[PDB]
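Novice: Structure incoming, see below.
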Protein chains: 2
Amino acid sequence: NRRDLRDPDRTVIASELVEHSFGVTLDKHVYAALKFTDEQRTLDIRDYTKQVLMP
Amino acid sequence: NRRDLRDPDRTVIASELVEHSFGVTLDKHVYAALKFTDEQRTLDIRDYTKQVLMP
């Protein structure tokens, strides 16, 4: 605020400061799942990494 | 000024030197005052440098 010099009203207006806030939340579960029978893990799956994990 | 050459009216119109002036005045008091109750200073304010002085 601004006031005049040599003013007989020596009143200084106070100032107000207001902080704010906002929330960040964790709300989703992203997953990929597979199931393999032992027959098709022993026989069908050749390179387990390149065939399963990378996809 | 300009006469006519060989004018029998041999009167000379004197000119004037008028110095002008303006004024620069200091007449404003720019402030920013803060009023902190003791409870607010004790509890709410944590740094007072990045929370009061900088703003």
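Please note that chains go A, B, ... in the order of the structure tokens, that every chain numbers its residues from 1, and that ligands are numbered from 1 in the order shown.
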After a least-squares fit of chain B on chain A across every C-alpha pair in order, what's the RMSD, to one decimal?

Specialist: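 Between these identical-sequence chains, the C-alpha RMSD is 2.1 Å.
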
Novice: Which residues, written as a list in words, have at least one atom at most 8 Å from residue 15 in chain A, with only C-alpha atoms counted and residues fewer than 5 positions away on the same chain left out?

Specialist: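 Result of the neighbour search: residues 32, 33, 34 and 35 of chain B.
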
Novice: Could you write out that same residue set with N, CA, C and O atoms as an mmCIF file, in the first residue's frame?

Specialist:
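Now in part_32.cif:
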```cif
data_model
loop_
_atom_site.group_PDB
_atom_site.id
_atom_site.type_symbol
_atom_site.label_atom_id
_atom_site.label_comp_id
_atom_site.auth_asym_id
_atom_site.auth_seq_id
_atom_site.Cartn_x
_atom_site.Cartn_y
_atom_site.Cartn_z
ATOM 1 N N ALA B 32 4.747 -1.918 2.915
ATOM 2 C CA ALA B 32 4.051 -3.202 2.991
ATOM 3 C C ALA B 32 4.224 -3.709 4.419
ATOM 4 O O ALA B 32 5.264 -4.282 4.751
ATOM 5 N N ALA B 33 3.213 -3.491 5.251
ATOM 6 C CA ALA B 33 3.289 -3.804 6.671
ATOM 7 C C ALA B 33 2.555 -5.100 6.974
ATOM 8 O O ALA B 33 1.527 -5.401 6.365
ATOM 9 N N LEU B 34 3.093 -5.859 7.923
ATOM 10 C CA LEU B 34 2.525 -7.134 8.335
ATOM 11 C C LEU B 34 2.302 -7.136 9.840
ATOM 12 O O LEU B 34 3.192 -6.749 10.607
ATOM 13 N N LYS B 35 1.115 -7.571 10.253
ATOM 14 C CA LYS B 35 0.724 -7.676 11.654
ATOM 15 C C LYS B 35 0.580 -9.148 12.010
ATOM 16 O O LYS B 35 -0.312 -9.828 11.493
#
```

Novice: Take CA of residue 13 in chain A and CA of residue 1 in chain A and report the distance between them in Å, one decimal.

Specialist: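 Computing it gives 7.2 Å between the two atoms.
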
Novice: Give as a ChimeraX atom specification every residue of chain A that touches chain B within 6 Å, counting only C-alpha atoms.

Specialist: /A:1-5,14-15

Novice: What gap, in Å, lies between CA of residue 48 in chain B and CA of residue 19 in chain A?

Specialist: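 Taking CA of residue 48 in chain B and CA of residue 19 in chain A, their separation equals 13.7 Å.
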
Novice: Figure out the distance between CA of residue 25 in chain B and CA of residue 9 in chain A, please, to one decimal in Å.

Specialist: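 Taking CA of residue 9 in chain A as the start and CA of residue 25 in chain B as the end point, the length is 20.0 Å.
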
Novice: As a PyMOL selection string, please: all residues of chain A that backbone DSSP puts in helix (DSSP H, G or I).

Specialist: chain A and resi 38-44+48-53
